[PDB]
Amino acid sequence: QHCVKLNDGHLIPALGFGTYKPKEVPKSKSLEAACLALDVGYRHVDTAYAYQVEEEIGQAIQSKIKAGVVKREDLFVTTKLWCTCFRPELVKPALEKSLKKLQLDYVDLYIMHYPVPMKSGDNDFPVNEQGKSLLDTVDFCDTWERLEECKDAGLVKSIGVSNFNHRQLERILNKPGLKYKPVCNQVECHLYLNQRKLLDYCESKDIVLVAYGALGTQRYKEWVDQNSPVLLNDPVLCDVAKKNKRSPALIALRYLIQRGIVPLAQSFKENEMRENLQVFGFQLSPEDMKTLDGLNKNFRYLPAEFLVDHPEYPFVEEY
């Protein structure tokens, strides 16, 4: 398996399958796609409490284990603690809920989805009558301490974070009494937001950057501005793709791979799922990597504007 070593010694497959379910996409479609992904050969599956599909991911995994397609030990399952569950007393029960949905005894990786907490409750996106998000005040170091307890309980193999900036990572890392460092920071990262400064920081601290939106996202309009540029139609990308005899998607993934990043790739289409697994079969030259570095625009498809009115909103800082 093409894997990257985490700072706790665990191995993460270097390409993961994404499972965000758009608002209009039925759960049955998420289930089918996850089943197919396992047949196609994906081993790393990335999901989240807030995606509403852990049950479907759990069904896909157990049905494919029962059929002999895969064994649990062959899979790397990530899920994410949602903002409404950051209060320390809610963390382990939220993980236990997710494990039940997933039909798993443990997950391979459990991460804080953002550094910003939200009002606790069943609603994942609590708002007032004006539609303003109801946020909360909870030190992410206090949430982190409970993730450490989850790991010590054997409910999760590795723990990490998502959508943290370098100051926020520093706060965890420099906290007196810290037990375990985050193994990863999962962030938006792609040719238009190449994260070079955050990447260099993470490398210096032995933290792996896991890239979502690696292909420019599925462009689900609940979260992604419809006027955003279409990464896979970029002219420089398409020229590099033609020169290398690979698809634009494969170039965009390989770019990240060669920088030590673990990209996620989502598709519902079988041949796209199949093609993305080809990313370990070719290499990009230093000249083409230089060309691809030139595409950075500091452009975020997923700015999480619903979290903006909070001092831990992560994306104001330079990196």
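Position 1 is the first residue in the sequence shown; the rest follow in order.
A.B. asks: Would you mind comparing 33-41 and 65-73 for me and telling me which has the higher average C-alpha temperature factor in the entry?
C.D. replies: The recorded data point to 65-73.
A.B. asks: Output the stretch having the higher mean C-alpha B factor in the entry; the candidates are 211-219 and 171-179.
C.D. replies: Going by the record's values, the stretch with the higher mean is 171-179.
A.B. asks: Take the CA temperature factors straight from the PDB entry and tell me which of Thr79, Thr84, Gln226, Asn185 peaks.
C.D. replies: Within the set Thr79, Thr84, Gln226, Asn185, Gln226 shows the top C-alpha B-factor.
A.B. asks: From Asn271, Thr47, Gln278, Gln258, can you pick the one with the highest C-alpha B factor in the entry?
C.D. replies: That would be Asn271, according to the entry.
A.B. asks: Please rank the C-alpha B-factors of the chain's modelled residues and tell me whether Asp152 sits in the lowest, middle or highest third.
C.D. replies: Middle third by C-alpha B-factor.
A.B. asks: Sorting the chain's modelled residues by C-alpha B-factor, tell me whether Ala14 ends up in the lowest, middle or highest third.
C.D. replies: Middle third by C-alpha B-factor.
A.B. asks: Rank-wise, by C-alpha B-factor, drop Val262 into the lowest, middle or highest third of its chain.
C.D. replies: Lowest third.
A.B. asks: Can you tell me whether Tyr313 has a C-alpha B-factor in the lowest, middle or highest third compared with the other modelled residues of the same chain?
C.D. replies: Lowest third of the chain for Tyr313's C-alpha B-factor.
A.B. asks: Quick one: classify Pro235 as lowest, middle or highest third of the chain based on its Cα B-factor.
C.D. replies: Middle third of the chain for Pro235's C-alpha B-factor.
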